[PDB]
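Accompanying notes for the structure given below.
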Amino acid sequence: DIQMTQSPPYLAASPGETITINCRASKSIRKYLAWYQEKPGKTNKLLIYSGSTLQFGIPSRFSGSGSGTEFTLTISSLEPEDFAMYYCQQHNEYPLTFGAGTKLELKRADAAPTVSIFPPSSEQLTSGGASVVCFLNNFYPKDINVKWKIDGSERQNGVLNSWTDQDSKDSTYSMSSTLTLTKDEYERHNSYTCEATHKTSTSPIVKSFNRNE
Amino acid sequence: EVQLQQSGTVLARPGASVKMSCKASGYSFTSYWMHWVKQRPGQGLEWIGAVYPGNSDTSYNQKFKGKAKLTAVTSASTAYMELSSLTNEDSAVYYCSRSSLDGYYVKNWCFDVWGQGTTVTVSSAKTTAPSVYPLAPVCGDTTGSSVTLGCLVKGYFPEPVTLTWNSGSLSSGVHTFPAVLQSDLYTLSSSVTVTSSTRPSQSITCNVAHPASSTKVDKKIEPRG
């Protein structure tokens with residue numbers, strides 16, 4: 001097998017700017033590398049083949065260069081719809097292999113998350129479970145750390161996070177951390193904290209509640 | 001216009017088999033190699049194999065010699081892929097794609113047309129409807145200006161569930177998060193932020209639907225006392 005390594009994995013940029021990303025093969029693939037655009041709710045589009053050839057119907061802002069071992073893709077002038085996922089595929093030998101991908105993100109203004117913490121719903125309590133939910137909302141960039149503290153102690157087990165992709169209206173991320181305890185463990189403590197450390201603030205954004213309040 | 005319609009999602013218990021389709025339209029089916037690609041979340045595309053419907057010949061990635069059988073039915077412009085001895089490993093999206101050049105000797109080329117993908121979920125988990133709990137702010141915390149309300153949807157299988165806020169009439173300031181696996185079962189949440197004058201002065205209700213278990217519930221969000 002030939003190994004593709006695409007760099008960078010991630011990349012932020014804005015409409016109008018140029019970007020160019022990389023794909024490196026573990027051996028020589030002559031000139032034979034293709035590029036695919038992947039977008040939610042649409043089938044994978046071929047953009048370039050054989051290193052530099054435009055696929056029929058693809059705008060001339062997409063361009064490709066390379067031979068043997070090192071290739072690039074270049075988008076001349078980013079268009080809103082160009083923010084997407086790009087993969088490279090080598091077409092020089094059996095077995096066909098791909099790179100891992102590059103995700104092309106729309107850059108916007110740094111944005112501090114709006115934090116919210118939620119105690120277990122009583123309906124949950126009654127059935128023996130206790131989940132504390134914490135929503136971290138509308139922030140940029142994507143990098144964030146969230147930390148659960150029980151009565152002052154950081155607790156890692158039973159925490160499930162999920163992030164949204166970049167918002168279609170304002171380009172921001174949002175998160176939800178849910179620590180899940182047994183109702184018996186839940187009542188054994190009093191203070192529940194959710195702490196979010198984010199590029200926008202030197203000190204963490206803390207939210208918590210006391211079980212009797 | 002060239003299409004590739006792939007079949008719907010399949011669920012399969014481990015060790016089992018599954019067979020999926022790819023219905024090709026709008027070009028000479030027997031003239032182009034149909035390729036099958038696999039995609040597991042965060043792990044990049046792998047090439048499985050390809051079938052040349054014009055002479056029913058097939059080529060497989062060494063990695064799938066065991067796993068996959070490719071076949072075509074030319075009267076029906078369809079290619080089939082059947083995956084056997086299933087494993088969690090085999091839980092992924094599978095695509096068929098058309099080689100961008102016709103002809104038998106352009107085995108390894110690129111692809112100009114992909115199908116939307118078929119989803120294979122391999123699990124021992126049983127069909128479970130979800131518990132729907134409402135998230136209402138910390139006792140007496142209508143904070144400054146706005147207020148965020150939530151919905152927790154716990155322990156269901158299989159995916160998906162579909163959520164709306166106030167029958168779908170309320171729809172900005174909603175964040176619905178992708179489900180995550182806990183042990184055997186999926187769980188997901190959704191937030192909705194709205195001005196602190198809107199509530200608790202008007203009613204906000206969460207609408208979960210799990211088609212797989214024929215559940216439809218509505219939790220109205222109630223202040224905490």
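Which of the residues spanning segment A:51-102 are closer than 21 Å to B:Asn108 by Cα, of a type in the set (D, E, K, R) and outside any strand (DSSP E or B)?
A:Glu93, the sole residue that qualifies.
Against the conditions (1) more than 19 Å from A:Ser127 (Cα to Cα); (2) facing chain A (nearest Cβ under 9 Å), where does B:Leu152 fall short? Just the number, please.
Every condition holds for B:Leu152 apart from (1).
Out of all the residues in segment B:177-203, which are under 25 Å from the mean Cα position of the chain (by Cα) and outside any strand (DSSP E or B)?
Result: B:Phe177, B:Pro178, B:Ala179, B:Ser183, B:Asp184.
Would you confirm whether or not segment B:49-65 contains a residue that is part of a strand (DSSP E or B), hydrophobic (A, V, I, L, M, F, W, C), within 25 Å of A:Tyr94 (Cα to Cα) and in contact (Cβ under 8 Å) with a residue 40 or more places away in the chain?
Yes: one or more hits.
Which of the residues belonging to segment A:81-111 are crowded, with 21+ Cβ neighbours inside 10 Å, of a type in the set (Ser, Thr, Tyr) and either within 9 Å of chain B (Cβ to nearest Cβ) or in contact with a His (Cβ under 9 Å, 6 or more places away or on another chain) (or both)?
Matches in segment A:81-111: A:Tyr87, A:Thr97.
What pairs come out if I take residues in segment A:119-146 that are in contact (Cβ under 8 Å) with a residue 40 or more places away in the chain and facing chain B (nearest Cβ under 7 Å) and pair them with residues that are buried (at least 18 other Cβ atoms within 10 Å of the Cβ) and assigned to a loop (DSSP other than H, G, I, E, B) whose C-beta lies under 6 Å away, six or more apart or interchain?
Correct list of pairs: A:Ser131/A:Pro120.
Tell me which residues, restricted to segment A:172-183, are surrounded by 17 or more Cβ atoms within 10 Å (Cβ to Cβ) and either hydrophobic (A, V, I, L, M, F, W, C) or over 12 Å from the mean Cα position of the chain (by Cα) (or both).
Result: A:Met175, A:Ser176, A:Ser177, A:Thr178, A:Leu179, A:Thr180, A:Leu181.
Of the residues A:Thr53, A:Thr74, A:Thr43, A:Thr114, which is farther than 21 Å from A:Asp1 by Cβ, in contact with a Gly (Cβ under 8 Å, 6 or more places away or on another chain), surrounded by 16 or more Cβ atoms within 10 Å (Cβ to Cβ) and not acidic (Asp, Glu)?
Just a single option satisfies the conditions, and that option is A:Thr43.
Residue by residue, here is whether (1) farther than 30 Å from A:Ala84 by Cβ; (2) assigned to a loop (DSSP other than H, G, I, E, B); (3) of a type in the set (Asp, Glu); (4) within 16 Å of the chain's Cα centre (by Cα) holds:
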| residue | (1), (2), (3), (4) |
| --- | --- |
| A:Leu125 | yes, no, no, no |
| A:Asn138 | no, no, no, yes |
| A:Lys142 | no, yes, no, yes |
| A:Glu185 | yes, no, yes, no |
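Return the residues of segment A:175-213 that are within 10 Å of another protein chain (Cβ to nearest Cβ) and free of Cβ contacts under 8 Å to residues at least 40 places away in the same chain; say none if nothing qualifies.
Our first condition is that a residue be within 10 Å of another protein chain (Cβ to nearest Cβ); within segment A:175-213, this holds for A:175-178, A:180, A:192, A:207-210, A:212-213.
Result: A:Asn210, A:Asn212, A:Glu213.
Each row is one residue, and each column tells you yes or no for (1) at the interface with chain A (Cβ under 7 Å from one of its Cβ atoms); (2) in a strand (DSSP E or B); (3) basic (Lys, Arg); (4) surrounded by 14 or more Cβ atoms within 10 Å (Cβ to Cβ).
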residue: B:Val120; (1), (2), (3), (4): no, yes, no, yes
residue: B:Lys126; (1), (2), (3), (4): no, no, yes, no
residue: B:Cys139; (1), (2), (3), (4): yes, no, no, no
residue: B:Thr148; (1), (2), (3), (4): yes, yes, no, yes
residue: B:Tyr156; (1), (2), (3), (4): no, yes, no, yes
residue: B:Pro160; (1), (2), (3), (4): no, no, no, yes
residue: B:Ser172; (1), (2), (3), (4): no, no, no, no
residue: B:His175; (1), (2), (3), (4): yes, yes, no, yes
residue: B:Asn207; (1), (2), (3), (4): no, yes, no, yes
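From (1) out of contact with any strand residue (DSSP E or B) (no Cβ under 6 Å at 6 or more places or on another chain); (2) more than 30 Å from B:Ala212 (Cα to Cα); (3) within 14 Å of chain A (Cβ to nearest Cβ), pick out the condition that doesn't hold for B:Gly42.
(2) is the only condition that B:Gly42 fails.
State yes or no: is B:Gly144 over 25 Å from the mean Cα position of the chain (by Cα), more than 12 Å from chain A (Cβ to nearest Cβ) and touching a residue at least 24 places away in the same chain (Cβ under 8 Å)?
Against the criterion (over 25 Å from the mean Cα position of the chain (by Cα), more than 12 Å from chain A (Cβ to nearest Cβ) and touching a residue at least 24 places away in the same chain (Cβ under 8 Å)), B:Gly144 does not qualify.
The numbers here are math on the coordinates, done by the rules we state, and not lab data. Here Cβ is always computed from backbone atoms with ideal geometry, including for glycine, and neighbour counts include all displayed protein chains.
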